[PDB]
Structure formats: C-alpha cells, structure tokens
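Mind the numbering: the sequence shown is residues 25 to 339, 356 to 588 in PDB author numbering, read in order. Even for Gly, the Cβ is constructed at its ideal location relative to N, Cα and C. Step one of this worksheet: look at the structure below.
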Amino acid sequence: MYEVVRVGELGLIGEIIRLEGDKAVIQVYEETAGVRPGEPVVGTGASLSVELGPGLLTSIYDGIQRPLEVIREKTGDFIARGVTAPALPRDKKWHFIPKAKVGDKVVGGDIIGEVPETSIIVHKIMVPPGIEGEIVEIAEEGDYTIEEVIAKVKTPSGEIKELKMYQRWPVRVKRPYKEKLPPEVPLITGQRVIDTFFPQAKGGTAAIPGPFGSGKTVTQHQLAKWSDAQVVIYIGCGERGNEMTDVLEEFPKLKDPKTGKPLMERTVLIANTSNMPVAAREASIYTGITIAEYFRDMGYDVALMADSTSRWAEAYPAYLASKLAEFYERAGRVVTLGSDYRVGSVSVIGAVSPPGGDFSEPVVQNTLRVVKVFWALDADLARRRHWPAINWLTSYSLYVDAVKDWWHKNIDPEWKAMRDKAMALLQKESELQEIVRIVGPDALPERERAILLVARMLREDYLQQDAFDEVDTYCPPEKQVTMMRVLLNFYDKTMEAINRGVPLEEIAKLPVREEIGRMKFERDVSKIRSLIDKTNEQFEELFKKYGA
C-alpha cells in the first residue's frame, strides 16, 4: 500500500509505530523507533524539523522547507519542486549585533543579538527553548555565516552549549510560550466591513471561501499587505494554471505599501503544487505555523495565510479534522519565552474550498467548527458589483466583544454601539427587501423608504471599499469611526425629519449626500468629521423650508 515510491517525502509504514517521514531512503522520526524494522529503512535520532534563523525572509520553500527548484514552462509557464539543499544559505554573511554580555543570566527565548535581515525586518537572535544559564562567551559586532558560534552558555549543571544565529525545531511540536492571552487586540486590516463588522483578533482564526476569484485574490492580497502584522507567512502558490508562474518574479516587485520596499522582505512563501509529494503538502501547514511561531517569539505579530485544496491517502474525516483543530489551536497571542515581558501573536487566515464547489462536507463541513471568523465572499455580491464581495448577513466574527474595548479606549467610545446600530439597519433592510419581493415597493411608508435609503448609503458609502484607489485602499481606524458617525448621524436626522413631515424625496436629494458618498476618498479625517455639522445645518434648512 505504498504512496509513490521514489518521489520526495513519504508517510512511513513502520512495525508497531505508524507515521514517520523519509526523503530518500533515510527516514526521520516522529515516534521514537528502534532501528531497521524492515526494507532498508536505516532511521535516525531526528524529528522532521525546520531551521530558524537569518535566511528565511524572501525565501520560497516546499512544505518541508526545501528551497525551490524553478524549471521552465510545462503546465503553462513554470513548474517547481523541492530540491534537497540547505534551508538557510551557509555562504551568506549576516551582520550580528550582540545584545548581551559575558556574565548575563539567560533563559530560552532571551534575545542575545540582532541581525538586519532585510530592509524591513530586524531578525532577533534568541536562546533556543530549554537552554538556560550564564553567557560565558559572546561574539562581537561583525559579519558571520549561519554556522558560526555566536555565543556559549554554561547551564546551571556546568554544561556548555554552543549557540548559533539559527536553531532547529520540530514542526509538529508547538513552540512553547509563557501564556496564551485571551483575544483582545484587533488585527487592524484597514478594510471597513472586516474591521467593523467581522473583526479578526491578533492571534485569532479566520476562514474565507476557497478560491474562485470573486475578488478573493484582491481581498486576500489586501489582507497580506495592510493587516498590522510585521511578518507574513504565506502557504499556497499551487491551485494551478500559472499561479506558481505569476508567484515567481511577480512577487519580487510587489510593494509593501507601509515602506515601499518589496513585500517579500517580510514574507516567507511555502509552495504546494500538483507535482509535489502528497506528504510534503500535508506537512506544509506545520512548517508554516512553526516559522510563524518563531517570529511571534521575537515579539512580532505574524499573519499566517494558507490556501490550498488538499488530496487523499490510502490507509477520511474520522480522527482527522481533529488534527486540523491541532493546526488551528496553535494560533494565538502569547507572552513569549524570555526574561523581559514580551508579547507576539500568530493570526491565521485560511481559504477554504469544498469537496468541489459545494459547501457540503470535508473541509467546509466544519473547518467552521474551529475558526472564530468567517468572511463569506459571495458571487452574488460580485455580480452586483459590491466590493469587496463580503456577504454581511452570512459572515460572522466571534471577536466583536473581545476587541470592543480596545476600540472604545483607543479610538471611539461608541464603536460597538455604532457597529450594532448599522448592523440592525442592514438586517432590517434585508427583511424589508424580502417583503418587497412578495408585495412590491409601492405601499412602503416614508419611514420604511427612509430606512432603505440609509441602508443603501451604508452599503455604498461604507461596506463598499475601493482596493484600487490610492486613498480608499486602506482605511485607518479613526477614519472608520468618523465615516460611521457621519452615516449614523444622517440616519438620526433622516428619521427625525420624516417624523416632522419633511418628504423623503427632499432628504434623498440633500446635497451633503453626495459628499457622504465620496468621503471614503477623502484622506483628511477632519474634513469628513465636518460633514456632521454640514448635515445638521442642511436638515435645518429643511426644518425651515418646512420640507417640500
């Protein structure tokens, strides 16, 4: 019941112990064996690991951290496979800056040096987990290759351990930390529908529908560039045609808009393709999440974005999906290992596409059992040209209460009240739209028509957001709450007006409305805020002219 015999990594048969990984004929451990139990499987004392140090950023790997092997134009333009070579370059020289001194007491996680790895990210050099003691030797500022010993620690026993810039860690063991903090700080994405209605917490878990392209690449791309994570770990590239080919030397000119340096300078790509061994694709999320863990341990917030559609074996949702829970449970914001109090997080965003188009079973069945956020990209919205195409009735976030306090204290004391009010308004619109479908629009009283008018302005002026516009591609939190306050105040005035005999027609054509429709293009938040007063005075003129 073999896989493919002589391609890549493989899930090993055994004797009394079920799963281990190969590469070649030499096998690495998961369950500690007791060597040669069969057909020349010689074994070793090593887990499927990952190397973690200066070299990771800008790299592309397969699912077990093999560097990518290019290979020209087969499927359409490019086809790639993992070549067995060092994960981190042995020949490159890094600038090491010491951060401890001979005599310092250290623990796993303590930062003992810095390395500027790219123009964007200072890599932090940490004592590996489970090593502690006195620093007895540390390297001076200078340039070193990854294999150079940059420090030595004497453990309380007297044992001397040699520390390098990199470290190794088994991908299947969660990296330890002090404590996992409850969701509390939003991952600010700059996208209004998400930040306002379906927030993601730093350290939370979110799903978005697999890949069609109902603007999916667009919002997935907005999330990658704008979320306030310093580092992105991206798993995908497969899903073929020529995704792999547009991932190669298109990704090298994508800009990180926060610096205008290339985005690959805080990114690490793990590639899953049709031709890669099935067991390297299975392994890829553990490889990815371990790398993500390793940057949180430095105190970075990291966004792990995954996206594949993964095949089947010969040994399906039984004890599995409990193992996918595994993967998801390693998302979180933590107090890291170290002597200093320090916090980092890994937030997880996974694309999820069905047994084949139908949101019925395997993955879709209930990945939704574990994720706390679902942004339901919706082809009907894409056809109604409402972008991004996030359905505001079927999407949900379980983080609204967890994050409201950060919003209240830092941004606007009324964030959650406004959010709830706008949602109640969208919900009412939806009910009214159903009714009008049966009986038609002609008998709608003024009040109901006013609610449809204000809901349409919410949809158009707030939910819709233009990712291609130089201003509206990102919406800072302060801008979000000010736009919301403009809309809600217009709502208040609209029902007040109507409550006084002003016809709805006169409100529909108030001149401020056109200004409200363009506010998302205005970069000066104080100008947007000024629409509150301008709406008040206009309505006032209508209380004067008594409404006609």
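State the CB to CB distance for the pair residue i and residue j, rounded to an integer number of angstroms; the pair is presumed to be in contact (CB under 8 Å).
i, j, result
"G260", "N299", "At roughly 15 Å, the Cβ-Cβ gap does not stay under 8 Å, so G260 and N299 are not in contact."
"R114", "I170", "6 Å"
"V126", "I159", "6 Å"
"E401", "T333", "That pair is no contact at about 14 Å."
"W427", "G239", "6 Å"
"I84", "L92", "4 Å"
"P301", "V28", "7 Å"
"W250", "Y514", "5 Å"
"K202", "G372", "That belief does not hold up - the Cβ atoms of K202 and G372 are roughly 12 Å apart, past 8 Å."
"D506", "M559", "Actually they are not in contact, since the Cβ atoms of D506 and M559 sit about 12 Å apart, beyond 8 Å."
"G157", "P180", "6 Å"
"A462", "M524", "7 Å"
Run the CB neighbour count on residue i, radius 10 Å, all protein chains shown included, and call it buried at 16 or more, exposed below.
i, result
"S73", "buried"
"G45", "buried"
"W432", "buried"
"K549", "exposed"
"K148", "buried"
"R305", "buried"
"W336", "exposed"
"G557", "exposed"
"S308", "buried"
"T434", "exposed"
"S387", "buried"
"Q224", "buried"
"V552", "buried"
"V403", "buried"
"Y439", "buried"
Secondary structure at residue i, three-state DSSP: helix, strand or coil?
i, result
"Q246", "helix"
"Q191", "strand"
"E186", "strand"
"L293", "strand"
"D325", "strand"
"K585", "coil"
"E93", "strand"
"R105", "strand"
"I572", "helix"
"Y26", "coil"
"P276", "helix"
"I313", "helix"
For the alpha helix (DSSP H) that contains residue i, what are its first and last residues?
i, result
"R496", "486-498"
"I556", "551-558"
"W455", "455-479"
"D331", "Element bounds for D331: n/a, residue is neither H nor E."
"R569", "565-569"
"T522", "517-538"
"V302", "302-306"
"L76", "Not the alpha helix (DSSP H): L76 falls in the beta strand (DSSP E), residues 73-76."
"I547", "544-548"
"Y356", "Element bounds for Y356: n/a, residue is neither H nor E."
Residue i lies in the beta strand (DSSP E); which residues open and close that run?
i, result
"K178", "175-178"
"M150", "146-150"
"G260", "255-260"
"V271", "Counting along the chain, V271 falls outside any beta strand (DSSP E), though it belongs to the alpha helix (DSSP H) covering 267-271."
"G372", "372-375"
Using a Cβ-based criterion (distance less than 7 Å to any ligand heavy atom), does residue i qualify as near the ligand FAD?
i, result
"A442", "For the structure depicted, the ligand FAD is absent and the ligand set is empty, with no information on it obtainable."
Report the residue ranges of all alpha helix (DSSP H) runs contained in full by the segment 385-442; include only those spanning at least 4 residues, in chain order. 402-407, 419-423
Those runs of the beta strand (DSSP E) which lie wholly inside the segment 188-238 and span at least 3 residues: 191-194, 203-205, 229-233
Please specify which runs of the beta strand (DSSP E), each continuous and at least 3 residues long, are wholly inside the segment 120-174, giving them in chain order. 135-140, 146-150, 157-162, 166-168
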